[PDB]
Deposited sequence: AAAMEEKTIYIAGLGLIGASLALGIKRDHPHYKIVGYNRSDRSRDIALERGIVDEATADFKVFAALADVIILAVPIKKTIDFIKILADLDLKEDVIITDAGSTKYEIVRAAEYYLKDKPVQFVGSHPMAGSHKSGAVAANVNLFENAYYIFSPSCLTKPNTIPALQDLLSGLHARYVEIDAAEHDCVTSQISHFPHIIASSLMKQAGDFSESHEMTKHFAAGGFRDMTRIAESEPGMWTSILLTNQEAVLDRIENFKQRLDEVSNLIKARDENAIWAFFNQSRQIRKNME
């Protein structure tokens, strides 16, 4: 009777992520109704155009009570605002609510704080990959889709979303929200800080040393490519992952001081071991 399952999914935010999720849902559940919220007119019209969503609104509340599942695909701060607004609406009995934040822990806390006395389910989501024009059914193919449980996640919450989202072709993973934030700090957020700091360093140096622009090669290009990212999103990741990111920055300063001491001592064997060991590690992840 999978043919006959009915569902209304409300996606708030029809940017790249929200719209691509809509496309992944419809891919495996062609009969589910998708209803959309979006602030700006442009992304909302495209969405309506390409049958990505069946109805759309600029009033967040308008579709809330009707939804069997609500996915909040707006930035991190607005996700919390919308959680605040969902907390005093009369929503469907046991709606499953979820987000799509790059950082799990703060959003989960906000959900537990605001929704604890509502008959709702909540779980944190992070679909690990622009606007509704860049919408792509295959955005998440073979990428990890992370769930982070909350005290409002019931035994069936993750299973129901995993069924809902099967059309993404993602790899599902359950992980503690704080632990998620710790890991992604190290392999994504702090690297972005470094790439941005390095670009700014080299750019400052450039004004005073003209061959800088010209001698930069594949090494430098590759370590600065992610500097190109959107600053609103990176700012809210830093402000919602402060502790982990600060810890990485402080640990990285200590590592630079070890390297600087080795250079001052002209310690050739230690400097060699420093380069060799890292080379080996690289080869050993994978």
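Visitor: Numbering the deposited sequence from 1, which residue ranges have no coordinates here?
Guide: Going by the record, the one segment left unmodelled (no C-alpha atoms) falls at 130-133.
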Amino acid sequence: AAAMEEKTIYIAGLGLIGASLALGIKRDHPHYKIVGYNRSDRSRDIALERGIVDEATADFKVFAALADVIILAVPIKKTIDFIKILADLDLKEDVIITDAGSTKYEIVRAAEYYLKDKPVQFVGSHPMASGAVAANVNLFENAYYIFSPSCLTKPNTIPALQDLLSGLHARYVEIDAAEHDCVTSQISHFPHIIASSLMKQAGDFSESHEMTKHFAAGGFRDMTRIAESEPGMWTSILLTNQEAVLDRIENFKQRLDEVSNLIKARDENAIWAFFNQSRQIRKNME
From here on, numbers count along this sequence of modelled residues.
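Visitor: Which is higher on average in the deposited entry, the C-alpha temperature factors of 216-224 or of 245-253?
Guide: It is 216-224 that shows the higher mean C-alpha B-factor.
Visitor: What stretch has the higher average Cα B-factor here, 111-119 or 195-203?
Guide: The recorded data point to 111-119.
Visitor: Using the entry's values, work out which of 70, 233, 56, 239 has the largest Cα B factor.
Guide: Among 70, 233, 56, 239, the PDB entry lists the largest C-alpha B-factor for 56.
Visitor: In terms of the chain's CA B-factor thirds, is residue 29 lowest, middle or highest?
Guide: According to the entry, residue 29 has a C-alpha B-factor in the chain's lowest third.
Visitor: Please place residue 64 in the lowest, middle or highest third of its chain according to the CA B-factor in the PDB entry.
Guide: Its C-alpha B-factor, which the entry lists for residue 64, ranks in the highest third among residues of this chain.
Visitor: Test of reading the entry: by CA B factor among the chain's modelled residues, which third contains residue 35?
Guide: Its C-alpha B-factor belongs to the middle third of this chain's values.
Visitor: Mind checking which third residue 171 falls in for C-alpha B-factor across the chain?
Guide: Its C-alpha B-factor belongs to the middle third of this chain's values.
Visitor: What third of the chain does residue 81 rank in for C-alpha temperature factor, lowest, middle or highest?
Guide: Within its chain, residue 81 is a highest-third residue by C-alpha B-factor, going by the deposited values.
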